[PDB]
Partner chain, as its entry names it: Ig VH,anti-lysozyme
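Coming up is one lone chain in structure tokens, specifically the form solved without its partner chain.
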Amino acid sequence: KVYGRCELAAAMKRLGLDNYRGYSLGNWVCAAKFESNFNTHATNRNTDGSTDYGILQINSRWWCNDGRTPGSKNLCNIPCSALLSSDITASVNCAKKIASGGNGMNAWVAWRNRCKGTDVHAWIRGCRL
């Protein structure tokens, strides 16, 4: 599914991401735009053999198990295929676990390069939430 910007914002708001660990809703919408262009089916392989899955490009080395990654820690206790669903529940529940690490949302490389520090509140402007 390719989400629209305000459609995704509303889905994320109903799952408790607004102001989760200090981060306003626009941070998560910005992270999903630069990680996957709002595409639930996005995947990218990493050099080490893990793959990043779904709308938030969560990797299989630490977070989900895809079968193909030797020594996946699977900290979110989910198969990586669950992150490819049009339903984003599993992706946001896992995202909350990774944003609980010491560097918070800096675990999303696209967020730290293209979103961090900017007026991220713009990403939810005009959405009826």
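Residue numbers count along the first chain shown, from 1.
What comes next is about the form solved in complex with its partner chain, which does not appear here.
Name the single residue among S81, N77, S86, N37 that comes within 4.5 Å of its partner chain in the deposited bound form, judging by heavy atoms. After the contact test, the surviving option is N77.
Would you check, heavy atoms only and a 4.5 Å threshold, whether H41 touches its partner chain in the deposited bound form? No, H41 stays farther than 4.5 Å from its partner chain in the deposited bound form.
Can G67 be called a contact residue for its partner chain in the deposited bound form at 4.5 Å between heavy atoms? No, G67 sits far enough from its partner chain in the deposited bound form that none of its heavy atoms falls within 4.5 Å.
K33, heavy atom within 4.5 angstroms of its partner chain in the deposited bound form: Because no heavy atom of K33 falls inside 4.5 Å of its partner chain in the deposited bound form, the answer is no.
With the partner left out here, check for me: in the deposited bound form, does some heavy atom of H121 sit within 4.5 Å of its partner chain? No, no contact at 4.5 Å.
Which of the residues spanning 14-44 lie within 4.5 Å of its partner chain in the deposited bound form, based on heavy atoms? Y20, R21, in sequence order.
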